[PDB]
Amino acid sequence: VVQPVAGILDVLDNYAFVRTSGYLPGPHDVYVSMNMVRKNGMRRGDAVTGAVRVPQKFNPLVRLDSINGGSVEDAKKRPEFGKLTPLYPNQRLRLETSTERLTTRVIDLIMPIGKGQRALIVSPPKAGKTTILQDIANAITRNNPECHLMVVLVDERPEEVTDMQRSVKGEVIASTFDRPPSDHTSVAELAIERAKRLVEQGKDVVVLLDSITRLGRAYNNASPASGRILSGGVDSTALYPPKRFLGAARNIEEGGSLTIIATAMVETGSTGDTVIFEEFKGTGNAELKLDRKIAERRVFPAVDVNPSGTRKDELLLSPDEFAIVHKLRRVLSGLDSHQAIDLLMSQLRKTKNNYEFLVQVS
Amino acid sequence: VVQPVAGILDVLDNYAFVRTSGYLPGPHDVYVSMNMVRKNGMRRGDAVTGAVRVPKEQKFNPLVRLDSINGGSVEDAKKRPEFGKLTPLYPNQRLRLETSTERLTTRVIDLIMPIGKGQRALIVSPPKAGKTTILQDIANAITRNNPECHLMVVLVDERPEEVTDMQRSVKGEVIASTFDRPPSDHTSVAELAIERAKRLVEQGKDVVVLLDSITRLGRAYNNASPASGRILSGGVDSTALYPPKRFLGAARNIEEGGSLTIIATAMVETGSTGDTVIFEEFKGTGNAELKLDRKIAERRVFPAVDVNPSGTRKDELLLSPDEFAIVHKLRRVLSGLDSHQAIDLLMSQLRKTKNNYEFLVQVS
Ligand SMILES: Nc1ncnc2c1ncn2[C@@H]1O[C@H](COP(=O)(O)OP(=O)(O)OP(=O)(O)O)[C@@H](O)[C@H]1O
Ligand SMILES: Nc1ncnc2c1ncn2[C@@H]1O[C@H](COP(=O)(O)OP(=O)(O)OP(=O)(O)O)[C@@H](O)[C@H]1O
Ligand SMILES: [Mg+2]
Ligand SMILES: [Mg+2]
């Protein structure tokens, strides 16, 4: 009957819905009773292909066809929760693809991204964030196509969702600003559950969430006041769910990983953004800081070299590469940011991200 | 028998009335059942022409026949919904506003904030800054220069005299609900107006909505219902900020054809915390903003725009590359100076009988 694949979502109550075409609650969704969920071993993020009875207000979804990876009898799935989470610098996500315009060799020498990492890009508005995210998505899709890239735009203009869909080869999930914050939270939750299920399958997943601050604000505005409402306009109980999202980024010793590259808003003129970013300090191992005052000088990507780095770099780079990168970082920390970024780009102009290593050692 | 003509409003329940007022719940509105809506392919905002029975008996007499929908046919209702259609960045085609040498309101707007078919504008203005004259000038320029665009002017809380003033000074549709009406009426008027704009865009036509005081719509939404979301926002409920965002975000271009411009106005420095909170919550949503400054208006210099924080986002697709370079140079020059000096210099140089003739002067 009605075949289209869609990510199933089990709402916290007894209701479970198949979000047709994904991921927002649509007007032609299909109802799933937990009887069928339990007799089928259904998770919270599977992609079903069942049929309906064409004439719970919605369809009954009788005669399920398939699940995301296997079938009904595939009830042997390793949970994300009760599972081992190694250090996750093991495998390296290469980002160098071209030399004419870099925008990624800098954030490759400065913030080595690895599979299963939990990155965080700090950026003031109008500093070069969307270009960086698009270039990261393109580099991830081209360098290693095995990664199941997906992009989550929690709160964006409808004009920008189309641009992202056209400039990114991966899957794009987005909720426009003209949606209730409940839709924002539901989309983020369903996206992270889909990523978790793909990890349990054994595939390296990359999630390029945009504006974790907007996700935190959506969680804040969705619910009324709660414990410790006095923090700057946001209650402390509303900063748990976003962390949970950012807490999903982990490696797996058996196989697979979940990389999350979220973006944080600072200097936005709202105290809530600064508060949310401050209470997120100490969770992301790799942090990249974009500086506004460097962007107005029309030099890009305009990263803050000194406060940007990666935790546990020993397991990502090769020992000789690690030594060279350490020497470069020491040299950059010797200088101030406004000159260090200029020197780094000046050296990177004439090289190909390896000749510079050859030049640096000399 | 009687032949009402009205724009249908489809309420959440099974009721559906045609608003032959229009757009305001009147004393006599023809009732339409859901069965008629489904059979005739009706949807909220459609312009409906049909017949109705004589008084027979249900306070409102149900509709009986239908002659036309939105000017078309009952069977020709195969138009695509707006939600499912692709929404480009909408700088593709710009609406020229400079129409005469004498008036410098539209010339300044064209130089500072270019407007294209599909923008989502926001005029930020304190009280007594020159907002109504600017809206009237924009409406006149749009009607004169772009007659193909269907012009709608929505007023949410206005004096009953100002509605007539606008109706006499504006040629397009003027929908208004005066302050002597419940906030539910302002809500219904705004929602029905935007749904009508959507239904016209689905036909491929260009619609331009001139909303007045999006803050008034936000306050009407806030007062219409008891607080249920995060009340701690500055006196205004957090749930009350969603429907105004929906109204403002309905302004999308269409790749298949059409556009829906929304030049809304936001009120700041009104002495109320609700207005400032709503405006702050509406940050980063509109891609064209014009800031009117009270202190510039007090100097009796108009249109009194605050140039530096006002501009269009992604105007590269609106302007030709040489014109874009010239405008970028002008914006750099203006940003070199403070607000008062910038507007004074712009007004002083704008008296060169055209905008293009100033651009030619700008090169040399
Ligand atoms: N790699 C790059 N090379 C050159 N210019 C760039 C680069 N990345 C961004 N820019 C500049 O940045 C602008 C494009 O917008 P940008 O990517 O900065 O938006 P953003 O950071 O998403 O901003 P916002 O918060 O408004 O959405 C242009 O001025 C463009 O020249
Ligand atoms: N283009 C213009 N040229 C000259 N004077 C102008 C112009 N536009 C507005 N004004 C002046 O503005 C006044 C007209 O009212 P105005 O447009 O300022 O009201 P408003 O912004 O709607 O105010 P309110 O907040 O009371 O509704 C007059 O003093 C008129 O001279
Ligand atoms: Mg952006
Ligand atoms: Mg006025």
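Residues numbered from 1 in each chain as written, not as in the entry; some residues may be left out. Chains lettered and ligands numbered in written order. Part of a larger assembly, values for the part shown. Heavy atoms only, no water. Residues with missing side-chain atoms left out of burial classes, pairs and counts.

This entry, as listed in the PDB, derives from cryo-EM and reports a resolution of 3.32 Å.

A.B. asks: I keep staring at the overall build of chain A and nothing clicks. Help me out?
C.D. replies: Of regular secondary structure, chain A possesses twelve helices and ten strands. Against the 2.2 N^0.38 benchmark of 21 Å for 362 residues, chain A shows a C-alpha radius of gyration of 22 Å, consistent with a compact globule. For chain A, the C-alpha atoms occupy an extent of roughly 75 × 45 × 35 Å along the three principal directions. (Helix = DSSP H or I, 4+ residues; strand = E, 2+ residues; numbered from the N terminus. Rg over C-alpha atoms; globule rule 2.2 N^0.38 Å.)

A.B. asks: Would you mind showing me how to read the site of ligand 1 here?
C.D. replies: The environment of ligand 1 is made up of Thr103(A), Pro125(A), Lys126(A), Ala127(A), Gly128(A), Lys129(A), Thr130(A), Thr131(A), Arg298(A), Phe300(A) and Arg313(B). Nearby residues place ligand 1 at the junction of chains A and B. Within the contact set of ligand 1, a nitrogen atom lies 3.0 Å away from a side-chain nitrogen or oxygen of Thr103(A). Here ligand 1, which alone exposes 630 Å², has 63% of that area covered by the protein. Residue classes in the shell around ligand 1 are distributed as three nonpolar, four polar and four charged. (Near = heavy atom within 4 Å. Polar contact = N/O pair within 3.5 Å; in protein donor to acceptor, adjacent residues only side chain to side chain. Areas by Shrake-Rupley, 256 points an atom, 1.4 Å probe, with all protein chains shown as cover. Nonpolar A, V, L, I, M, F, W, Y, C, P; charged D, E, K, R; others polar.)

A.B. asks: When you look at the interface of chain A and chain B in this model, what are you seeing that I'm missing?
C.D. replies: Interfaces are often sized by the accessible area lost when the parts come together. Of the residues lining the interface, 20 residues belong to chain A; the matching set on chain B comes to 24 residues. Regarding the contact of chain A and chain B, the summed buried area is about 1,900 Å², with carbon and sulfur atoms giving 47% of it. Three residues, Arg157(A), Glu159(A) and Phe177(A), lead the burial of chain A against chain B; their summed loss comes to 31% of the area buried on that side. Connecting chain A to chain B are five salt bridges. (Contact = heavy atoms within 4.5 Å. Buried area = accessible area lost by both parts, 1.4 Å probe. Salt bridge = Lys/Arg side-chain N within 4 Å of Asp/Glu carboxyl O.)

A.B. asks: Sorry if this is basic, but what is going on with the side chain of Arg199(B) here?
C.D. replies: All names here are of chain B. Within the fold, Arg-199 resides in helix α5 (residues 183-202). A relative accessible area of 7% means that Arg-199 is categorised as buried. At 3.0 Å, the side chain of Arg-199 forms a polar contact with the backbone oxygen of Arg-44. Among all residues touching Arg-199, those that are not within four sequence positions of it are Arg-43, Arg-44, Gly-45, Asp-46, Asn-70 and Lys-79. (Buried < 20%, exposed > 50% of the residue type's maximum accessible area, 1.4 Å probe, protein only.)

A.B. asks: Could you clarify how one ought to interpret the pattern of salt bridges in this entry?
C.D. replies: Close approach of charged atoms allows side chains with opposite charge to pair. Per the counting criterion, the structure on display carries 41 salt bridges over all chains. With a closest N to O distance of 3.9 Å, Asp110(B) and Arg94(B) form a salt bridge. Residue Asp110(B) is located in helix α2 (residues 105-112), and its partner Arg94(B) is located in the loop between β4 (63-69) and α2; the two are separated by 16 residues in the primary sequence. Of the two residues, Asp110(B) and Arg94(B), both sit in the buried class. One connected set of salt bridges, linked through shared partners, spans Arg157(A), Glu160(A), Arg313(B) and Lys314(B).

A.B. asks: Could you clarify how one ought to interpret the sheet that holds strand β11 (residues 305-312) of chain B in this entry?
C.D. replies: Residues and elements named next belong to chain B. Strand order in the open sheet formed by seven strands is β7-β6-β8-β9-β5-β10-β11, with mixed pairing between adjacent strands. Either end of the sheet is taken by a strand with one partner, and the two such strands are β7 (173-178) and β11. The mean inter-strand angle of the sheet, taken between neighbouring strand axes irrespective of direction, is 10°. Pairing analysis gives five bridges linking strand β6 (residues 150-158) to β7, with the strands arranged parallel. Looking at β7, one finds that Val-153 is bridged to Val-174. Those strands touched by helix α3 (residues 131-145) are β5 (120-125), β6, β8 (206-212), β9 (259-267) and β10 (288-292), and its axis lies near 170° from that of β8. (Pairing = 2+ DSSP bridges. Axes fitted to C-alpha atoms, helices over the stretch in contact; angles between N-to-C directions.)

A.B. asks: Is there a simple way to think about the environment of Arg297(A) in this case?
C.D. replies: Residue and element names in this part refer to chain A. The topology assignment puts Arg-297 in the loop between α9 (292-295) and α10 (319-334). Taking the relative accessible area as the measure of exposure, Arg-297 reaches 35% and is therefore partly exposed. With 41 residues separating them in the primary sequence, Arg-297 and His-338 have C-alpha atoms 9.8 Å apart. With sequence-adjacent residues up to four places away left out, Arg-297 is seen in contact with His-338, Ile-341 and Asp-342.

A.B. asks: So what exactly am I meant to see when it comes to the site of ligand 2 here?
C.D. replies: Residues and elements named next belong to chain B. Around ligand 2, the neighbouring residues are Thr-105, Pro-127, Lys-128, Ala-129, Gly-130, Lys-131, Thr-132, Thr-133, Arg-300 and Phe-302. At 3.0 Å from a nitrogen atom of ligand 2 is found a side-chain nitrogen or oxygen belonging to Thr-133. In isolation ligand 2 has 630 Å² of accessible area, and contact with the protein removes 55% of it. In terms of residues, the shell around ligand 2 owes the most to one element, α3, which gives three residues. Within the shell around ligand 2, the residues separate by chemical class into three nonpolar, four polar and three charged.

A.B. asks: Just to check I follow, could you spell out the packing of aromatic side chains for this structure?
C.D. replies: How two aromatic rings sit relative to each other is given by the distance of their centres and the angle of their planes. Residue and element names in this part refer to chain A. Counted by the stated rule, this structure contains six aromatic pairs over all chains. Note on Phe-17 and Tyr-31: the rings are 5.7 Å apart at their centroids and 70° apart in plane angle, and the pair reads as edge-to-face. Highlighted residues: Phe-17 in strand β2 (residues 15-20) and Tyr-31 in strand β3 (residues 30-33), separated in sequence by 14 residues. Both residues of the pair, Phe-17 and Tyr-31, count as buried. (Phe/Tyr/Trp six-rings, centres within 6.5 Å; stacked < 30°, edge-to-face > 60°.)

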